[PDB]
Amino acid sequence: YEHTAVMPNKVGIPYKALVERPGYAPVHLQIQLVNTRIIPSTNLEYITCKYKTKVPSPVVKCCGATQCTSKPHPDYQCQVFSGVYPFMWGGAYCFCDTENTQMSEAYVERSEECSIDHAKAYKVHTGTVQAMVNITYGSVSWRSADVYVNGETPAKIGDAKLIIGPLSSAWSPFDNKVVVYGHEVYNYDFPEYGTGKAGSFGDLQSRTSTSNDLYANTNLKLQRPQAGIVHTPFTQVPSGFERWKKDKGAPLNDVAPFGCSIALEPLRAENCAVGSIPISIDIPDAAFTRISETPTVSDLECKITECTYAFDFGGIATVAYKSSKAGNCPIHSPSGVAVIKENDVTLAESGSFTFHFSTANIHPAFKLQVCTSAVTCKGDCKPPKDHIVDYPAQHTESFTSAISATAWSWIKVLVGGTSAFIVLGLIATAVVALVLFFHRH
Amino acid sequence: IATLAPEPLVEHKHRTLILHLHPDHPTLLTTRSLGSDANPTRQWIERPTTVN
Ligand SMILES: *[C@@H]1O[C@H](CO)[C@@H](O)[C@H](O)[C@H]1NC(C)=O
Ligand SMILES: *[C@@H]1O[C@H](CO)[C@@H](O)[C@H](O)[C@H]1NC(C)=O
């Protein structure tokens, strides 16, 4: 048999159903989703790091003047300073007064820290989504399997076919431009190759970690070596990595909505609790059992013994059952009004057992099916007196949950009063319209 | 090796959480809702402060 459903893309909440293929006992299905791995296809655009400016040795040609070519180097400068009198230890280093050459070659290249740290910039695409799922059916124990989230992939979890249809919403935390740094990512636009703004982010732009081309753009300028001391004084803007670290934004993982955590080595956002998932699970037929074998259960009476609409299962109730023979039953409420803690109850004759449940409505009306039977029970729940707790919401709230059955009475009597007053008017207009107009005649 | 700021003194009121913080060193506190709107909040705390 095939069972299809839909499920909250929630991370700790189990999803409980009963498959019902007729003529067999209902069989209890549990799906638990333990991570949500949304894997975006990415391409590394360029990497970046602190620059380092290598100033090769200057050329000091004494009398006369050399000229220097534009050798291909990132952000290369070479300027000849005429009128130099470089004055070293043990003599000045040149025999001319003026008309001497100080060539002042400067050149900028990737620092060695780039090997260990680098804010590599990607370009995010739609990619694929997958998840690790945990199933429990019948008396078979827990069976876990990773699964591609797309309808077109069998993903055989054990002995059953699980097809997980494409995620209801296509939201992704990542925009098209992302930059990964260390253990985190940033939803930052990056001035891409060769558009480097000369001082904020893209001072260096290296196509890969070990690339021979480097689009330095750092606004290197060279100055006159003062007072005849040999050196190549170079003035230029500080590193873009400096200012990007200082004025770094909040990391995406600290801003990503829907409780989305981020991991790195696939650049994946986990535990991303958006929308819902369709499910289509084709269970083995062998796990079923003929209804004629199944016990009859009858004269069911369930009473809520104490409930309080807490997140955790803060309602206890009791069901008095009478039985045909020893055996197992699944108990789940077919409707979202309650979630039942207990998967299965394996049951003797003529007895009264207790089940825990969680709910937020202030008069729950669960219709709970024990062993292909039915029983409906309701009662008051009270506010569970803690304010903030750390257990996520086991139940799903619906709008018609908070109305306290006097407020329900109050709005009912109010709406009835308006409607009946207008109806009284309508009847009065009709009866005067006829008794007084047409009967006098 | 990094430092651990003293664990915040935490106490609850109705739908609000109130952290008394006593940073010995300047400390970064980030908060983010897990709903549709992240509503991030990121501030550095130098002196002992309370925050709601
Ligand atoms: C499946 O759920 C059970 C519930 O106790 C848990 O012990 C088990 O670790 C889960 N599977 C995986 C792969 O974590
Ligand atoms: C909320 O913050 C304000 C401003 O700092 C403060 O006056 C107030 O005491 C805080 N809340 C509580 C419950 O104290």
# chains A, B, ... in the order shown; residues from 1 in each chain; ligands from 1

call {"tool": "residues_near_ligand", "arguments": {"ligand": "ligand 1", "cutoff": "10 Å", "atoms": "only C-alpha atoms and all ligand atoms", "output": "VMD selection string"}}
result
chain A and resid 14 30 to 35 132 to 136 141 to 146

call {"tool": "interface_residues", "arguments": {"of": "chain A", "to": "chain B", "cutoff": "6 Å", "atoms": "only C-alpha atoms", "output": "PyMOL selection string"}}
result
chain A and resi 255+257-259+387

call {"tool": "residues_around", "arguments": {"residues": "residue 26 (chain B)", "least_positions_apart": "6", "cutoff": "12 Å", "atoms": "only C-alpha atoms", "output": "JSON, numbers by chain"}}
result
{"B": [3, 4, 5, 6, 43, 44, 45, 46, 47, 48, 49]}

call {"tool": "closest_atom_pairs", "arguments": {"of": "chain B", "to": "ligand 2", "cutoff": "8 Å", "atoms": "only C-alpha atoms and all ligand atoms", "output": "CSV"}}
result
residue,atom,partner,partner_atom_place_in_ligand_line,distance
B:13,CA,ligand 2,13 (C),7.4
B:18,CA,ligand 2,13 (C),6.6
B:50,CA,ligand 2,5 (O),6.5
B:51,CA,ligand 2,2 (O),5.6
B:52,CA,ligand 2,1 (C),4.9

call {"tool": "write_last_selection", "arguments": {"atoms": "C-alpha atoms", "output": "PDB file, in the first residue's frame"}}
result
ATOM      1  CA  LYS B  13       8.127  37.633  32.440  1.00  0.00           C
ATOM      2  CA  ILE B  18      15.164  39.699  30.745  1.00  0.00           C
ATOM      3  CA  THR B  50      19.927  44.647  31.833  1.00  0.00           C
ATOM      4  CA  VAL B  51      18.202  43.923  28.554  1.00  0.00           C
ATOM      5  CA  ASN B  52      14.675  42.846  27.649  1.00  0.00           C
TER       6      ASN B  52
END

call {"tool": "select_by_dssp", "arguments": {"residues": "region 194-357 of chain A", "states": "strand (DSSP E)", "output": "VMD selection string"}}
result
chain A and resid 221 to 222 234 to 235 261 to 263 268 to 270 276 to 282 297 to 307 315 to 323 327 to 332 339 to 340 344 to 347 351 to 357

call {"tool": "residues_around", "arguments": {"residues": "residue 88 (chain A)", "least_positions_apart": "6", "cutoff": "10 Å", "atoms": "only C-alpha atoms", "output": "ChimeraX atom specification"}}
result
/A:94,228-230

call {"tool": "write_last_selection", "arguments": {"atoms": "N, CA, C and O atoms", "output": "compact mmCIF listing (two decimals), in the first residue's frame"}}
result
# COMPACT_ATOMS: atom_id res chain seq x y z
N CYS A 94 77.26 57.50 -4.25
CA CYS A 94 77.54 57.66 -5.68
C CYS A 94 78.54 58.80 -5.84
O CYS A 94 78.52 59.75 -5.06
N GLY A 228 68.70 61.58 0.82
CA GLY A 228 69.74 60.66 0.41
C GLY A 228 69.95 59.48 1.33
O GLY A 228 71.08 59.16 1.70
N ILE A 229 68.86 58.83 1.72
CA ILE A 229 68.89 57.54 2.38
C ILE A 229 68.23 56.55 1.44
O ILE A 229 67.14 56.80 0.93
N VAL A 230 68.90 55.42 1.22
CA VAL A 230 68.40 54.41 0.30
C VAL A 230 67.18 53.72 0.92
O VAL A 230 67.30 53.04 1.95

call {"tool": "atom_distance", "arguments": {"atom1": "CA of residue 285 (chain A)", "atom2": "CA of residue 156 (chain A)"}}
result
15.1 Å

call {"tool": "closest_residue", "arguments": {"among": "A:413, A:137, A:74, A:168", "to": "residue 277 (chain A)", "atoms": "only C-alpha atoms"}}
result
A:168

call {"tool": "residues_around", "arguments": {"residues": "residue 9 (chain B)", "least_positions_apart": "3", "cutoff": "8 Å", "atoms": "only C-alpha atoms", "output": "ChimeraX atom specification"}}
result
/B:19-21

call {"tool": "write_last_selection", "arguments": {"atoms": "N, CA, C and O atoms", "output": "tab-separated table (two decimals), in the first residue's frame"}}
result
chain	number	residue	atom	x	y	z
B	19	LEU	N	17.55	39.56	30.63
B	19	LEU	CA	18.90	39.13	30.91
B	19	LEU	C	19.57	40.23	31.70
B	19	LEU	O	19.67	41.36	31.21
B	20	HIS	N	20.01	39.92	32.90
B	20	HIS	CA	20.96	40.78	33.57
B	20	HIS	C	22.33	40.28	33.18
B	20	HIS	O	22.66	39.10	33.40
B	21	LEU	N	23.13	41.16	32.59
B	21	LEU	CA	24.44	40.85	32.07
B	21	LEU	C	25.46	41.67	32.83
B	21	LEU	O	25.27	42.87	33.05

call {"tool": "atom_distance", "arguments": {"atom1": "CA of residue 39 (chain A)", "atom2": "CA of residue 127 (chain A)"}}
result
5.9 Å

call {"tool": "atom_distance", "arguments": {"atom1": "CA of residue 393 (chain A)", "atom2": "CA of residue 8 (chain A)"}}
result
11.9 Å

call {"tool": "residues_around", "arguments": {"residues": "region 376-382 of chain A", "least_positions_apart": "4", "cutoff": "6 Å", "atoms": "only C-alpha atoms", "output": "ChimeraX atom specification"}}
result
/A:302,307-308,362-367

call {"tool": "closest_residue", "arguments": {"among": "A:161, A:54, A:3, A:71", "to": "residue 107 (chain A)", "atoms": "only C-alpha atoms"}}
result
A:54
